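Source file: start05.cif; contents: mmCIF, C-alpha atoms.
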data_upload
loop_
_atom_site.group_PDB
_atom_site.id
_atom_site.type_symbol
_atom_site.label_atom_id
_atom_site.label_comp_id
_atom_site.auth_asym_id
_atom_site.auth_seq_id
_atom_site.Cartn_x
_atom_site.Cartn_y
_atom_site.Cartn_z
ATOM 1 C CA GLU A 1 -2.485 0.633 4.549
ATOM 2 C CA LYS A 2 -4.195 2.839 1.967
ATOM 3 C CA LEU A 3 -3.328 1.837 -1.593
ATOM 4 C CA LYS A 4 -6.635 0.715 -3.053
ATOM 5 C CA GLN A 5 -6.502 -3.086 -2.941
ATOM 6 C CA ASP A 6 -8.571 -5.686 -4.798
ATOM 7 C CA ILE A 7 -8.210 -4.700 -8.450
ATOM 8 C CA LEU A 8 -7.135 -7.717 -10.490
ATOM 9 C CA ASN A 9 -5.426 -9.931 -7.912
ATOM 10 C CA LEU A 10 -8.694 -10.719 -6.122
ATOM 11 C CA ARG A 11 -7.980 -10.433 -2.393
ATOM 12 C CA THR A 12 -4.489 -10.228 -0.871
ATOM 13 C CA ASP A 13 -2.613 -7.717 -3.026
ATOM 14 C CA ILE A 14 0.942 -9.033 -3.387
ATOM 15 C CA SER A 15 1.678 -11.284 -0.406
ATOM 16 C CA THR A 16 5.102 -12.625 0.570
ATOM 17 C CA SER A 17 3.419 -15.749 1.934
ATOM 18 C CA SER A 18 4.117 -18.510 -0.593
ATOM 19 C CA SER A 19 6.853 -20.968 0.388
ATOM 20 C CA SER A 20 8.329 -19.395 3.525
ATOM 21 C CA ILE A 21 8.417 -21.179 6.889
ATOM 22 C CA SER A 22 10.145 -20.663 10.246
ATOM 23 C CA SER A 23 9.445 -22.335 13.599
ATOM 24 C CA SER A 24 5.910 -22.836 12.255
ATOM 25 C CA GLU A 25 5.121 -19.374 13.641
ATOM 26 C CA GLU A 26 3.977 -18.795 17.223
ATOM 27 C CA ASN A 27 0.252 -19.011 16.472
ATOM 28 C CA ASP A 28 -0.846 -22.654 16.544
ATOM 29 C CA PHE A 29 -2.376 -23.199 19.990
ATOM 30 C CA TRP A 30 -4.706 -20.519 21.317
ATOM 31 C CA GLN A 31 -4.000 -16.851 20.776
ATOM 32 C CA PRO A 32 -4.294 -15.192 24.235
ATOM 33 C CA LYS A 33 -4.478 -11.426 23.759
ATOM 34 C CA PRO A 34 -3.941 -8.798 26.515
ATOM 35 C CA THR A 35 -7.352 -8.733 28.192
#
Could you render the structure from this file as C-alpha cells?
Amino acid sequence: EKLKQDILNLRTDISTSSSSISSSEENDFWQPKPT
C-alpha cells in the first residue's frame, strides 16, 4: 500500500470506482464483523 499518495489528485489516488455497479454490493444493512 506504500506508494506515496495524495500529491495532486487530493485523496483517493486513482480509483476504479466511477460508474461500476453489481448487486449493489453486500454492504447496505449492518456490517457484522467477526467478534
(request) Take atom CA of residue 15 of chain A and atom CA of residue 1 of chain A and report the distance between them in Å, one decimal. (result) 13.6 Å
(message) For a test of reading the model, state the distance in Å between atom CA of residue 28 of chain A and atom CA of residue 12 of chain A, rounded to one decimal.
(response) 21.7 Å
(request) Calculate how many Å separate atom CA of residue 4 of chain A from atom CA of residue 20 of chain A, rounding to one decimal. (result)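 About the pair atom CA of residue 4 of chain A and atom CA of residue 20 of chain A: they are 25.9 Å apart.
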Got a minute to add N, CA, C and O atoms to segment 8-23 of chain A and dump it as a PDB file, keeping the file's coordinate frame?
ATOM      1  N   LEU A   8      -7.236  -6.641  -9.516  1.00  0.00           N
ATOM      2  CA  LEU A   8      -7.135  -7.717 -10.490  1.00  0.00           C
ATOM      3  C   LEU A   8      -6.519  -8.963  -9.860  1.00  0.00           C
ATOM      4  O   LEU A   8      -6.474 -10.025 -10.478  1.00  0.00           O
ATOM      5  N   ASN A   9      -6.045  -8.820  -8.627  1.00  0.00           N
ATOM      6  CA  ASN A   9      -5.426  -9.931  -7.912  1.00  0.00           C
ATOM      7  C   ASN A   9      -6.465 -10.713  -7.114  1.00  0.00           C
ATOM      8  O   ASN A   9      -6.227 -11.859  -6.727  1.00  0.00           O
ATOM      9  N   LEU A  10      -7.614 -10.086  -6.874  1.00  0.00           N
ATOM     10  CA  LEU A  10      -8.694 -10.719  -6.122  1.00  0.00           C
ATOM     11  C   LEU A  10      -8.220 -11.116  -4.729  1.00  0.00           C
ATOM     12  O   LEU A  10      -7.709 -12.218  -4.527  1.00  0.00           O
ATOM     13  N   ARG A  11      -8.387 -10.200  -3.777  1.00  0.00           N
ATOM     14  CA  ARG A  11      -7.980 -10.433  -2.393  1.00  0.00           C
ATOM     15  C   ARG A  11      -6.464 -10.579  -2.276  1.00  0.00           C
ATOM     16  O   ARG A  11      -5.804 -11.059  -3.197  1.00  0.00           O
ATOM     17  N   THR A  12      -5.927 -10.155  -1.133  1.00  0.00           N
ATOM     18  CA  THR A  12      -4.489 -10.228  -0.871  1.00  0.00           C
ATOM     19  C   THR A  12      -3.677  -9.671  -2.037  1.00  0.00           C
ATOM     20  O   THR A  12      -3.323 -10.397  -2.967  1.00  0.00           O
ATOM     21  N   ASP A  13      -3.383  -8.376  -1.978  1.00  0.00           N
ATOM     22  CA  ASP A  13      -2.613  -7.717  -3.026  1.00  0.00           C
ATOM     23  C   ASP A  13      -1.115  -7.873  -2.777  1.00  0.00           C
ATOM     24  O   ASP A  13      -0.544  -7.187  -1.930  1.00  0.00           O
ATOM     25  N   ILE A  14      -0.488  -8.783  -3.522  1.00  0.00           N
ATOM     26  CA  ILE A  14       0.942  -9.033  -3.387  1.00  0.00           C
ATOM     27  C   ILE A  14       1.297  -9.446  -1.961  1.00  0.00           C
ATOM     28  O   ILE A  14       1.514  -8.600  -1.091  1.00  0.00           O
ATOM     29  N   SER A  15       1.350 -10.755  -1.725  1.00  0.00           N
ATOM     30  CA  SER A  15       1.678 -11.284  -0.406  1.00  0.00           C
ATOM     31  C   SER A  15       2.953 -12.117  -0.457  1.00  0.00           C
ATOM     32  O   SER A  15       3.130 -12.945  -1.352  1.00  0.00           O
ATOM     33  N   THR A  16       3.841 -11.893   0.508  1.00  0.00           N
ATOM     34  CA  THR A  16       5.102 -12.625   0.570  1.00  0.00           C
ATOM     35  C   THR A  16       4.866 -14.097   0.882  1.00  0.00           C
ATOM     36  O   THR A  16       5.667 -14.956   0.512  1.00  0.00           O
ATOM     37  N   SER A  17       3.765 -14.382   1.571  1.00  0.00           N
ATOM     38  CA  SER A  17       3.419 -15.749   1.934  1.00  0.00           C
ATOM     39  C   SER A  17       3.272 -16.621   0.688  1.00  0.00           C
ATOM     40  O   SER A  17       2.377 -16.402  -0.130  1.00  0.00           O
ATOM     41  N   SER A  18       4.153 -17.608   0.551  1.00  0.00           N
ATOM     42  CA  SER A  18       4.117 -18.510  -0.593  1.00  0.00           C
ATOM     43  C   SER A  18       4.801 -19.836  -0.269  1.00  0.00           C
ATOM     44  O   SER A  18       4.173 -20.894  -0.313  1.00  0.00           O
ATOM     45  N   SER A  19       6.088 -19.771   0.058  1.00  0.00           N
ATOM     46  CA  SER A  19       6.853 -20.968   0.388  1.00  0.00           C
ATOM     47  C   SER A  19       7.824 -20.703   1.533  1.00  0.00           C
ATOM     48  O   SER A  19       8.861 -21.361   1.646  1.00  0.00           O
ATOM     49  N   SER A  20       7.483 -19.742   2.388  1.00  0.00           N
ATOM     50  CA  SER A  20       8.329 -19.395   3.525  1.00  0.00           C
ATOM     51  C   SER A  20       7.826 -20.056   4.806  1.00  0.00           C
ATOM     52  O   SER A  20       6.618 -20.140   5.041  1.00  0.00           O
ATOM     53  N   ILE A  21       8.760 -20.525   5.627  1.00  0.00           N
ATOM     54  CA  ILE A  21       8.417 -21.179   6.889  1.00  0.00           C
ATOM     55  C   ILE A  21       9.538 -21.008   7.911  1.00  0.00           C
ATOM     56  O   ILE A  21      10.719 -21.027   7.559  1.00  0.00           O
ATOM     57  N   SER A  22       9.164 -20.840   9.178  1.00  0.00           N
ATOM     58  CA  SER A  22      10.145 -20.663  10.246  1.00  0.00           C
ATOM     59  C   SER A  22       9.521 -20.905  11.617  1.00  0.00           C
ATOM     60  O   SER A  22       8.671 -20.135  12.067  1.00  0.00           O
ATOM     61  N   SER A  23       9.949 -21.980  12.272  1.00  0.00           N
ATOM     62  CA  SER A  23       9.445 -22.335  13.599  1.00  0.00           C
ATOM     63  C   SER A  23       7.929 -22.519  13.593  1.00  0.00           C
ATOM     64  O   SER A  23       7.296 -22.543  14.648  1.00  0.00           O
TER      65      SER A  23
END
